[PDB]
$ cat entry.cif   # mmCIF, C-alpha atoms and all ligand atoms
data_my_file
loop_
_atom_site.label_atom_id
_atom_site.label_comp_id
_atom_site.auth_asym_id
_atom_site.auth_seq_id
_atom_site.Cartn_x
_atom_site.Cartn_y
_atom_site.Cartn_z
CA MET A 1 -19.64 0.29 13.68
CA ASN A 2 -20.10 -3.01 11.85
CA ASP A 3 -16.36 -3.21 12.56
CA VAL A 4 -17.26 -5.11 15.73
CA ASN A 5 -19.36 -7.61 13.77
CA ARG A 6 -16.78 -8.26 11.07
CA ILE A 7 -14.38 -9.17 13.89
CA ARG A 8 -16.85 -11.46 15.68
CA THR A 9 -17.76 -13.12 12.37
CA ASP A 10 -14.08 -13.66 11.61
CA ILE A 11 -13.30 -15.33 14.96
CA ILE A 12 -16.26 -17.70 14.58
CA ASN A 13 -15.21 -18.67 11.06
CA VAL A 14 -11.65 -19.20 12.34
CA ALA A 15 -12.79 -21.54 15.11
CA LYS A 16 -15.08 -23.47 12.75
CA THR A 17 -12.42 -23.85 10.04
CA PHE A 18 -9.65 -24.92 12.42
CA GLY A 19 -11.60 -27.03 14.90
CA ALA A 20 -11.45 -24.83 17.98
CA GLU A 21 -13.87 -25.48 20.83
CA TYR A 22 -16.00 -22.36 20.95
CA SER A 23 -19.13 -20.93 22.57
CA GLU A 24 -21.17 -18.09 21.09
CA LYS A 25 -22.77 -17.56 24.50
CA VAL A 26 -19.25 -16.71 25.66
CA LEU A 27 -18.26 -14.71 22.56
CA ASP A 28 -21.39 -12.57 22.82
CA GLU A 29 -20.74 -11.72 26.48
CA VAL A 30 -17.16 -10.79 25.61
CA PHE A 31 -18.17 -8.61 22.66
CA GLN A 32 -20.86 -6.81 24.65
CA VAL A 33 -18.16 -5.49 26.98
CA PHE A 34 -15.12 -5.43 24.68
CA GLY A 35 -16.14 -5.56 21.01
CA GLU A 36 -15.46 -1.84 20.59
CA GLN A 37 -11.92 -2.22 21.99
CA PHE A 38 -11.24 -4.84 19.32
CA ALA A 39 -12.22 -2.43 16.55
CA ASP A 40 -10.33 0.56 17.97
CA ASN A 41 -7.04 -0.93 19.22
CA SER A 42 -4.16 -3.13 18.22
CA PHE A 43 -5.81 -6.52 17.85
CA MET A 44 -4.72 -10.04 16.98
CA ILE A 45 -6.37 -13.43 16.45
CA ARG A 46 -4.28 -16.41 17.51
CA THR A 47 -4.26 -20.13 16.94
CA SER A 48 -1.90 -22.66 18.47
CA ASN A 49 -1.14 -26.32 17.90
CA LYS A 50 -1.28 -27.15 21.60
CA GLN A 51 -2.92 -30.40 20.33
CA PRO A 52 -1.59 -31.74 17.01
CA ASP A 53 -4.93 -32.20 15.22
CA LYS A 54 -6.86 -29.14 16.42
CA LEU A 55 -5.87 -25.53 16.91
CA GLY A 56 -7.28 -23.60 19.77
CA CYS A 57 -8.27 -20.05 19.07
CA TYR A 58 -7.70 -16.86 21.03
CA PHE A 59 -8.21 -13.16 20.41
CA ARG A 60 -6.30 -10.37 22.16
CA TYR A 61 -5.98 -6.59 22.15
CA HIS A 62 -3.53 -4.04 23.54
CA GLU A 63 -4.68 -0.59 24.69
CA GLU A 64 -1.95 2.04 24.62
CA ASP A 65 -4.09 5.18 24.87
CA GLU A 66 -2.82 6.57 28.17
CA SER A 67 -6.22 8.00 29.17
CA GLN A 68 -7.70 4.47 28.89
CA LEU A 69 -5.17 2.55 31.01
CA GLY A 70 -6.84 0.45 33.68
CA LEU A 71 -10.22 0.63 31.95
CA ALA A 72 -9.89 -2.96 30.73
CA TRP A 73 -9.50 -4.40 34.24
CA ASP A 74 -12.24 -2.11 35.52
CA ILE A 75 -14.70 -3.19 32.84
CA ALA A 76 -13.68 -6.85 33.11
CA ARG A 77 -14.33 -6.75 36.86
CA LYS A 78 -17.47 -4.60 36.67
CA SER A 79 -18.92 -6.63 33.78
CA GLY A 80 -18.31 -9.91 35.58
CA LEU A 81 -16.12 -11.36 32.80
CA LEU A 82 -13.34 -11.46 35.40
CA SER A 83 -14.32 -12.47 38.93
CA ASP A 84 -12.22 -12.44 42.09
CA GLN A 85 -12.15 -16.10 43.21
CA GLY A 86 -9.53 -15.40 45.91
CA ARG A 87 -6.76 -17.12 43.92
CA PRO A 88 -3.18 -15.77 44.15
CA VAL A 89 -3.34 -14.18 40.67
CA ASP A 90 -6.39 -12.11 41.72
CA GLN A 91 -4.30 -9.55 43.59
CA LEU A 92 -1.47 -9.25 41.04
CA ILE A 93 -2.92 -6.58 38.71
CA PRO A 94 -3.72 -4.22 41.64
CA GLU A 95 -0.20 -4.77 43.05
CA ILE A 96 1.45 -4.11 39.66
CA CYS A 97 -0.36 -0.80 39.11
CA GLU A 98 0.73 0.56 42.51
CA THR A 99 4.34 -0.48 42.03
CA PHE A 100 5.14 0.40 38.46
CA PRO A 101 4.14 3.08 35.96
CA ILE A 102 1.98 1.35 33.34
CA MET A 103 2.29 2.23 29.67
CA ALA A 104 0.01 -0.28 27.96
CA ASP A 105 -2.90 -2.59 28.83
CA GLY A 106 -4.10 -5.81 27.26
CA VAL A 107 -6.56 -8.66 27.72
CA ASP A 108 -6.50 -12.15 26.17
CA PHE A 109 -9.63 -14.14 25.38
CA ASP A 110 -10.15 -17.85 24.85
CA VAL A 111 -12.86 -18.46 22.29
CA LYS A 112 -14.47 -21.15 24.42
CA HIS A 113 -13.58 -20.07 27.93
CA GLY A 114 -13.70 -16.27 27.68
CA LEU A 115 -11.34 -13.83 29.39
CA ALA A 116 -8.06 -15.67 29.87
CA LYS A 117 -5.29 -13.13 30.54
CA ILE A 118 -4.49 -9.50 31.43
CA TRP A 119 -1.24 -7.78 30.44
CA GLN A 120 0.63 -4.85 31.92
CA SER A 121 3.67 -3.40 30.14
CA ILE A 122 5.98 -1.26 32.25
CA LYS A 123 6.91 2.32 31.42
CA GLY A 124 10.48 1.42 30.51
CA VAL A 125 12.57 -1.55 31.56
CA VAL A 126 13.07 -2.50 35.21
CA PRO A 127 15.46 -4.98 36.86
CA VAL A 128 13.45 -8.15 37.45
CA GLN A 129 14.42 -7.96 41.17
CA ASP A 130 12.09 -4.96 41.50
CA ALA A 131 9.22 -7.41 40.83
CA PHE A 132 10.19 -9.71 43.72
CA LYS A 133 8.09 -7.71 46.21
CA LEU A 134 4.87 -8.73 44.42
CA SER A 135 2.88 -11.80 45.39
CA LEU A 136 4.45 -13.60 42.41
CA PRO A 137 5.04 -17.35 42.47
CA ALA A 138 7.96 -18.45 44.63
CA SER A 139 9.65 -19.79 41.50
CA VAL A 140 10.46 -16.23 40.32
CA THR A 141 12.55 -15.46 43.43
CA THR A 142 14.14 -18.93 43.64
CA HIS A 143 15.28 -18.43 39.99
CA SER A 144 16.75 -14.95 40.52
CA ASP A 145 20.23 -16.28 39.86
CA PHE A 146 19.16 -18.21 36.76
CA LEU A 147 17.48 -15.04 35.49
CA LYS A 148 20.63 -12.99 36.11
CA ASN A 149 22.83 -15.72 34.64
CA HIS A 150 20.93 -15.85 31.35
CA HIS A 151 20.20 -12.09 31.12
CA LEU A 152 16.47 -12.60 31.66
CA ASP A 153 17.29 -9.44 33.62
CA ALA A 154 15.31 -6.68 32.02
CA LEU A 155 11.63 -7.01 32.94
CA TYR A 156 9.14 -5.03 30.88
CA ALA A 157 5.75 -6.72 31.14
CA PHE A 158 3.47 -9.09 33.00
CA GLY A 159 0.80 -11.49 31.83
CA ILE A 160 -1.68 -12.66 34.46
CA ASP A 161 -3.36 -15.90 33.36
CA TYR A 162 -6.50 -16.33 35.45
CA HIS A 163 -7.34 -19.56 33.59
CA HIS A 164 -4.11 -21.35 34.55
CA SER A 165 -3.23 -19.14 37.58
CA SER A 166 0.23 -18.55 36.15
CA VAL A 167 2.39 -15.52 35.45
CA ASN A 168 4.33 -14.64 32.30
CA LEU A 169 7.33 -12.40 32.81
CA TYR A 170 8.43 -10.65 29.59
CA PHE A 171 12.10 -9.71 29.11
CA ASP A 172 13.77 -7.35 26.70
CA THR A 173 16.73 -8.76 24.72
CA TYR A 174 19.35 -6.21 25.71
CA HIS A 175 22.54 -8.39 25.78
CA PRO A 176 24.73 -9.31 22.76
CA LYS A 177 24.21 -12.97 23.74
CA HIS A 178 20.47 -12.54 22.88
CA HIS A 179 21.35 -12.35 19.17
CA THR A 180 23.42 -15.55 19.03
CA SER A 181 21.70 -18.88 18.41
CA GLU A 182 24.08 -20.60 20.86
CA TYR A 183 22.42 -18.72 23.73
CA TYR A 184 18.96 -20.14 23.00
CA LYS A 185 20.28 -23.69 22.61
CA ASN A 186 22.09 -23.32 25.96
CA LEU A 187 19.11 -21.66 27.68
CA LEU A 188 16.78 -24.46 26.56
CA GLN A 189 19.40 -27.03 27.63
CA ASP A 190 19.82 -25.40 31.06
CA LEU A 191 16.02 -25.69 31.46
CA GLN A 192 15.98 -29.27 30.18
CA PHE A 193 13.39 -28.13 27.68
CA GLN A 194 12.77 -29.62 24.23
CA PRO A 195 15.74 -28.60 22.04
CA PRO A 196 14.76 -26.43 19.05
CA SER A 197 15.31 -27.18 15.38
CA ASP A 198 18.28 -25.76 13.54
CA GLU A 199 16.03 -23.57 11.36
CA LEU A 200 14.56 -21.96 14.48
CA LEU A 201 17.95 -21.47 16.15
CA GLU A 202 19.02 -19.46 13.12
CA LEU A 203 15.83 -17.38 13.19
CA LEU A 204 16.13 -16.82 16.94
CA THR A 205 19.25 -14.72 16.26
CA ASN A 206 16.84 -11.91 15.36
CA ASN A 207 14.61 -12.68 18.38
CA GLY A 208 12.94 -9.76 20.07
CA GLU A 209 11.06 -10.91 23.17
CA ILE A 210 11.58 -13.77 25.61
CA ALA A 211 8.81 -14.80 28.02
CA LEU A 212 8.86 -17.19 31.00
CA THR A 213 5.89 -18.79 32.77
CA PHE A 214 5.71 -19.35 36.52
CA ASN A 215 2.80 -20.87 38.40
CA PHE A 216 1.98 -21.03 42.08
CA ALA A 217 1.69 -24.83 41.99
CA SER A 218 5.21 -25.49 40.75
CA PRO A 219 8.73 -24.83 42.04
CA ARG A 220 9.83 -25.10 38.40
CA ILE A 221 9.77 -22.71 35.51
CA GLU A 222 6.82 -24.10 33.60
CA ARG A 223 7.62 -23.01 30.01
CA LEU A 224 9.23 -20.25 27.98
CA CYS A 225 8.28 -18.44 24.79
CA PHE A 226 10.25 -16.79 22.01
CA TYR A 227 8.46 -14.36 19.68
CA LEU A 228 9.31 -13.09 16.22
CA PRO A 229 7.43 -10.71 13.90
CA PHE A 230 7.05 -11.35 10.15
CA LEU A 231 6.05 -8.62 7.72
CA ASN A 232 3.47 -10.64 5.74
CA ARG A 233 2.36 -14.18 4.95
CA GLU A 234 5.24 -15.29 2.77
CA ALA A 235 7.93 -14.00 5.18
CA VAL A 236 6.78 -16.69 7.63
CA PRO A 237 8.95 -19.85 7.63
CA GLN A 238 6.54 -22.40 6.18
CA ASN A 239 8.86 -25.31 7.10
CA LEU A 240 8.45 -24.78 10.87
CA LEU A 241 4.64 -25.06 10.61
CA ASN A 242 1.96 -27.69 11.15
CA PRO A 243 -0.06 -28.08 7.92
CA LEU A 244 -2.96 -26.60 9.96
CA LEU A 245 -0.80 -23.61 10.84
CA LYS A 246 0.44 -23.26 7.24
CA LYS A 247 -3.24 -23.03 6.34
CA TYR A 248 -3.77 -20.40 9.02
CA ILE A 249 -0.94 -18.29 7.56
CA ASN A 250 -2.80 -18.33 4.24
CA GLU A 251 -6.46 -17.90 5.23
CA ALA A 252 -6.34 -15.92 8.49
CA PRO A 253 -8.75 -12.96 8.38
CA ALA A 254 -7.49 -9.39 8.47
CA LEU A 255 -8.71 -5.93 7.51
CA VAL A 256 -5.71 -5.57 5.22
CA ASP A 257 -4.66 -7.35 2.01
CA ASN A 258 -1.43 -8.94 3.32
CA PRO A 259 -1.18 -8.77 7.13
CA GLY A 260 1.90 -9.40 9.22
CA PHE A 261 2.15 -12.10 11.84
CA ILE A 262 3.72 -12.69 15.22
CA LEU A 263 4.76 -16.27 15.80
CA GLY A 264 5.52 -17.75 19.18
CA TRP A 265 7.56 -20.80 20.04
CA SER A 266 6.66 -22.21 23.42
CA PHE A 267 9.09 -24.67 24.97
CA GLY A 268 8.39 -26.91 27.94
CA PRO A 269 10.20 -29.75 29.73
CA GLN A 270 11.63 -32.32 27.33
CA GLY A 271 9.07 -35.04 26.85
CA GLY A 272 6.29 -33.13 28.59
CA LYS A 273 3.79 -30.39 27.84
CA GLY A 274 4.52 -26.82 26.77
CA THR A 275 6.35 -27.17 23.39
CA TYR A 276 4.07 -25.93 20.57
CA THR A 277 3.64 -22.96 18.19
CA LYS A 278 1.50 -19.79 18.44
CA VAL A 279 0.39 -17.78 15.38
CA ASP A 280 -1.07 -14.27 15.79
CA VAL A 281 -2.36 -12.33 12.77
CA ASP A 282 -2.08 -8.53 12.83
CA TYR A 283 -5.77 -8.04 12.16
CA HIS A 284 -5.59 -4.29 11.44
CA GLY A 285 -2.09 -4.41 9.97
CA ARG A 286 -1.03 -1.73 12.46
CA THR A 287 0.70 -3.79 15.14
CA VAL A 288 3.59 -5.79 13.61
CA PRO A 289 5.15 -2.67 12.02
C1 LIG B 1 -1.59 -8.07 21.57
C2 LIG B 1 -0.10 -7.94 21.42
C3 LIG B 1 0.51 -6.63 21.00
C4 LIG B 1 0.71 -8.98 21.67
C5 LIG B 1 0.14 -10.31 22.10
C6 LIG B 1 0.92 -11.48 21.52
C7 LIG B 1 2.37 -11.58 21.94
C8 LIG B 1 3.39 -11.38 20.86
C9 LIG B 1 2.82 -11.88 23.18
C10 LIG B 1 2.04 -12.11 24.46
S1 LIG B 1 0.84 -13.39 24.36
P1 LIG B 1 1.64 -15.06 25.22
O1 LIG B 1 2.55 -14.65 26.31
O2 LIG B 1 2.41 -15.94 24.11
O3 LIG B 1 0.49 -16.00 25.81
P2 LIG B 1 0.91 -17.46 26.36
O4 LIG B 1 1.64 -18.08 25.16
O5 LIG B 1 1.81 -17.23 27.56
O6 LIG B 1 -0.41 -18.08 26.78
MG MG B 2 -6.46 2.70 22.12
#

$ encode --input "entry.cif" --output "structure tokens" --more "lines below"
Ligand SMILES: CC(C)=CCC/C(C)=C\CSP(=O)(O)OP(=O)(O)O
Ligand SMILES: [Mg+2]
Amino acid sequence: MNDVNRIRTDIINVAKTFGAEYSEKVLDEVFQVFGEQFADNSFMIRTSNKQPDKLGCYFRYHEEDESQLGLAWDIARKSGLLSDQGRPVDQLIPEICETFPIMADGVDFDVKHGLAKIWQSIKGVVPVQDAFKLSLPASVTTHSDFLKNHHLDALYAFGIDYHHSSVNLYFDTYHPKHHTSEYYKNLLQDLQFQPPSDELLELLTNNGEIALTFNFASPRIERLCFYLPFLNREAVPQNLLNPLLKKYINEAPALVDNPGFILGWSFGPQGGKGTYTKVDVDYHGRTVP
């Protein structure tokens, strides 16, 4: 119903409040094809401090209704919101669906630039080596031993970023080392990424998902991401947050009195790009639990 319009209104108010580059011409075209999937599925609105003074704004949804799997890529292609510009990421979603059983779908949207990402989550966990036969970046295969050595072993999902022509591999935290802070300090050190704070190293002991980004332009792992859920606003560690992101924890729209959040900590090479914070609000309240 109006549920689509509440959502669209909320995104626009979020961008305007937090200084995110946005286009309504682009938001309209997205909502024409997808607005109903935002009302009917697990749905989150994200901001990130990729720049210190201005948050960018994204909105995402996951489809887990089995009968609807693949519909998102079909309607993104058919609608024209995702074109096939020949780039190496353009074949990845078709390759994934032939190789693995798919259990959930998702697409990510940039509020200025439109459709940014497509997700596929495997039916179950697979050894990351099973992915090596895809046209993934060469940096996945060349890092097979690193992956094994840090138990980034258990692949469960893909993100295909058509904006940055990169690939996120998502790993389940199966190993007892994945619940010790020392592991995350040593992983980040082995990558020569920005070391994390002590507050975050303690929180990371409860960590749930680890993601790594590969791109076709680089022989290097580009960045990694840790993710943690938080049951409501006040559960979120205020001290690890940009005053703009503290604000977002307090004002972010939801269709529920006190929504949960997923936070993401992206780390990149020390002294470079890729080390910032992502804040997703559980807009229906039915995703973090
Ligand atoms: C829509 C759902 C269920 C989850 C989306 C948010 C989440 C916790 C993880 C995947 S989004 P992410 O990999 O963090 O995107 P990038 O930072 O790689 O651009
Ligand atoms: Mg659904």

$ closest_atom_pairs --input "entry.cif" --of "chain A" --to "ligand MG 2 (chain B)" --cutoff "6 Å" --atoms "all atoms listed in the file" --output "CSV"
residue,atom,partner,partner_atom,distance
A:41,CA,B:MG2,MG,4.7
A:63,CA,B:MG2,MG,4.5
A:64,CA,B:MG2,MG,5.2
A:65,CA,B:MG2,MG,4.4

$ residues_near_ligand --input "entry.cif" --ligand "ligand LIG 1 (chain B)" --cutoff "8 Å" --atoms "all atoms listed in the file" --output "list in words"
residues 42, 43, 44, 60, 61, 62, 106, 107, 108, 117, 159, 161, 168, 170, 211, 212, 213, 225, 227, 228, 262, 263, 264, 266, 278, 280 and 287 of chain A

$ residues_around --input "entry.cif" --residues "residue A:29" --least-positions-apart "3" --cutoff "10 Å" --atoms "all atoms listed in the file" --output "ChimeraX atom specification"
/A:24-26,32-35,79-81,114

$ closest_residue --input "entry.cif" --among "A:2, A:9, A:48, A:186" --to "residue A:241" --atoms "only C-alpha atoms"
A:48

$ residues_around --input "entry.cif" --residues "residue A:160" --least-positions-apart "2" --cutoff "8 Å" --atoms "all atoms listed in the file" --output "list in words"
residues 89, 92, 93, 117, 118, 119, 158, 162, 165, 166, 167 and 168 of chain A

$ closest_residue --input "entry.cif" --among "A:120, A:17, A:258, A:232" --to "residue A:56" --atoms "only C-alpha atoms"
A:17

$ residues_around --input "entry.cif" --residues "stretch 218-222 of chain A" --least-positions-apart "6" --cutoff "12 Å" --atoms "all atoms listed in the file" --output "number ranges by chain"
A: 137-144, 146-147, 164-169, 188, 190-193, 211-212, 266-270, 272-275

$ atom_distance --input "entry.cif" --atom1 "atom CA of residue A:86" --atom2 "atom CA of residue A:131"
21.0 Å

$ axis_aligned_box --input "entry.cif" --around "stretch 170-183 of chain A" --padding-each-side "3 Å" --output "lines of an AutoDock Vina configuration file"
center_x = 16.6
center_y = -13.4
center_z = 24.0
size_x = 22.3
size_y = 20.4
size_z = 17.2

$ atom_distance --input "entry.cif" --atom1 "atom CA of residue A:153" --atom2 "atom CA of residue A:127"
5.8 Å

$ atom_distance --input "entry.cif" --atom1 "atom CA of residue A:259" --atom2 "atom CA of residue A:285"
5.3 Å

$ residues_around --input "entry.cif" --residues "residue A:171" --least-positions-apart "4" --cutoff "9 Å" --atoms "only C-alpha atoms" --output "JSON, numbers by chain"
{"A": [125, 128, 151, 152, 153, 154, 155, 156, 157, 209, 210, 211, 212]}

$ closest_residue --input "entry.cif" --among "A:12, A:116, A:249, A:75" --to "residue A:163" --atoms "all atoms listed in the file"
A:116

$ closest_residue --input "entry.cif" --among "A:71, A:187, A:244, A:39" --to "residue A:223" --atoms "all atoms listed in the file"
A:187

$ build_atoms --input "entry.cif" --residues "stretch 207-230 of chain A" --atoms "N, CA and C atoms" --output "PDB file, keeping the file's coordinate frame"
ATOM      1  N   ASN A 207      15.690 -12.652  17.391  1.00  0.00           N
ATOM      2  CA  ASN A 207      14.610 -12.680  18.380  1.00  0.00           C
ATOM      3  C   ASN A 207      14.474 -11.335  19.084  1.00  0.00           C
ATOM      4  N   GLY A 208      13.248 -11.040  19.490  1.00  0.00           N
ATOM      5  CA  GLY A 208      12.940  -9.760  20.070  1.00  0.00           C
ATOM      6  C   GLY A 208      12.513  -9.857  21.510  1.00  0.00           C
ATOM      7  N   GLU A 209      11.580 -10.761  21.818  1.00  0.00           N
ATOM      8  CA  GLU A 209      11.060 -10.910  23.170  1.00  0.00           C
ATOM      9  C   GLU A 209      11.208 -12.348  23.641  1.00  0.00           C
ATOM     10  N   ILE A 210      11.543 -12.499  24.919  1.00  0.00           N
ATOM     11  CA  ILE A 210      11.580 -13.770  25.610  1.00  0.00           C
ATOM     12  C   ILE A 210      10.612 -13.700  26.786  1.00  0.00           C
ATOM     13  N   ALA A 211       9.760 -14.711  26.920  1.00  0.00           N
ATOM     14  CA  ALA A 211       8.810 -14.800  28.020  1.00  0.00           C
ATOM     15  C   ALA A 211       9.016 -16.095  28.806  1.00  0.00           C
ATOM     16  N   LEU A 212       8.817 -16.022  30.127  1.00  0.00           N
ATOM     17  CA  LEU A 212       8.860 -17.190  31.000  1.00  0.00           C
ATOM     18  C   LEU A 212       7.569 -17.302  31.811  1.00  0.00           C
ATOM     19  N   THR A 213       7.104 -18.534  32.021  1.00  0.00           N
ATOM     20  CA  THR A 213       5.890 -18.790  32.770  1.00  0.00           C
ATOM     21  C   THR A 213       6.203 -19.416  34.121  1.00  0.00           C
ATOM     22  N   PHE A 214       5.674 -18.805  35.173  1.00  0.00           N
ATOM     23  CA  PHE A 214       5.710 -19.350  36.520  1.00  0.00           C
ATOM     24  C   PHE A 214       4.293 -19.592  36.985  1.00  0.00           C
ATOM     25  N   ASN A 215       4.091 -20.654  37.760  1.00  0.00           N
ATOM     26  CA  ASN A 215       2.800 -20.870  38.400  1.00  0.00           C
ATOM     27  C   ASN A 215       2.985 -21.125  39.884  1.00  0.00           C
ATOM     28  N   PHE A 216       1.914 -20.896  40.634  1.00  0.00           N
ATOM     29  CA  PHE A 216       1.980 -21.030  42.080  1.00  0.00           C
ATOM     30  C   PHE A 216       1.993 -22.480  42.521  1.00  0.00           C
ATOM     31  N   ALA A 217       1.665 -23.419  41.630  1.00  0.00           N
ATOM     32  CA  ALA A 217       1.690 -24.830  41.990  1.00  0.00           C
ATOM     33  C   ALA A 217       3.059 -25.469  41.808  1.00  0.00           C
ATOM     34  N   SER A 218       3.974 -24.818  41.089  1.00  0.00           N
ATOM     35  CA  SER A 218       5.210 -25.490  40.750  1.00  0.00           C
ATOM     36  C   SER A 218       6.436 -24.730  41.250  1.00  0.00           C
ATOM     37  N   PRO A 219       7.443 -25.452  41.745  1.00  0.00           N
ATOM     38  CA  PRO A 219       8.730 -24.830  42.040  1.00  0.00           C
ATOM     39  C   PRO A 219       9.565 -24.587  40.809  1.00  0.00           C
ATOM     40  N   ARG A 220       9.090 -25.061  39.658  1.00  0.00           N
ATOM     41  CA  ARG A 220       9.830 -25.100  38.400  1.00  0.00           C
ATOM     42  C   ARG A 220       9.327 -24.007  37.484  1.00  0.00           C
ATOM     43  N   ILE A 221      10.226 -23.494  36.644  1.00  0.00           N
ATOM     44  CA  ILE A 221       9.770 -22.710  35.510  1.00  0.00           C
ATOM     45  C   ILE A 221       8.951 -23.616  34.600  1.00  0.00           C
ATOM     46  N   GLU A 222       7.737 -23.191  34.276  1.00  0.00           N
ATOM     47  CA  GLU A 222       6.820 -24.100  33.600  1.00  0.00           C
ATOM     48  C   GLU A 222       7.116 -24.196  32.103  1.00  0.00           C
ATOM     49  N   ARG A 223       7.376 -23.064  31.450  1.00  0.00           N
ATOM     50  CA  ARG A 223       7.620 -23.010  30.010  1.00  0.00           C
ATOM     51  C   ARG A 223       8.199 -21.650  29.694  1.00  0.00           C
ATOM     52  N   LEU A 224       8.753 -21.528  28.490  1.00  0.00           N
ATOM     53  CA  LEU A 224       9.230 -20.250  27.980  1.00  0.00           C
ATOM     54  C   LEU A 224       8.669 -20.019  26.577  1.00  0.00           C
ATOM     55  N   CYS A 225       8.727 -18.762  26.133  1.00  0.00           N
ATOM     56  CA  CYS A 225       8.280 -18.440  24.790  1.00  0.00           C
ATOM     57  C   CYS A 225       9.208 -17.420  24.158  1.00  0.00           C
ATOM     58  N   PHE A 226       9.582 -17.706  22.918  1.00  0.00           N
ATOM     59  CA  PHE A 226      10.250 -16.790  22.010  1.00  0.00           C
ATOM     60  C   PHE A 226       9.232 -16.247  21.016  1.00  0.00           C
ATOM     61  N   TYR A 227       9.396 -14.989  20.610  1.00  0.00           N
ATOM     62  CA  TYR A 227       8.460 -14.360  19.680  1.00  0.00           C
ATOM     63  C   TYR A 227       9.216 -13.659  18.570  1.00  0.00           C
ATOM     64  N   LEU A 228       8.736 -13.813  17.341  1.00  0.00           N
ATOM     65  CA  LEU A 228       9.310 -13.090  16.220  1.00  0.00           C
ATOM     66  C   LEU A 228       8.212 -12.514  15.341  1.00  0.00           C
ATOM     67  N   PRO A 229       8.356 -11.269  14.891  1.00  0.00           N
ATOM     68  CA  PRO A 229       7.430 -10.710  13.900  1.00  0.00           C
ATOM     69  C   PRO A 229       7.849 -11.052  12.471  1.00  0.00           C
ATOM     70  N   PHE A 230       6.856 -11.052  11.574  1.00  0.00           N
ATOM     71  CA  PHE A 230       7.050 -11.350  10.150  1.00  0.00           C
ATOM     72  C   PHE A 230       6.131 -10.464   9.320  1.00  0.00           C
TER      73      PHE A 230
END
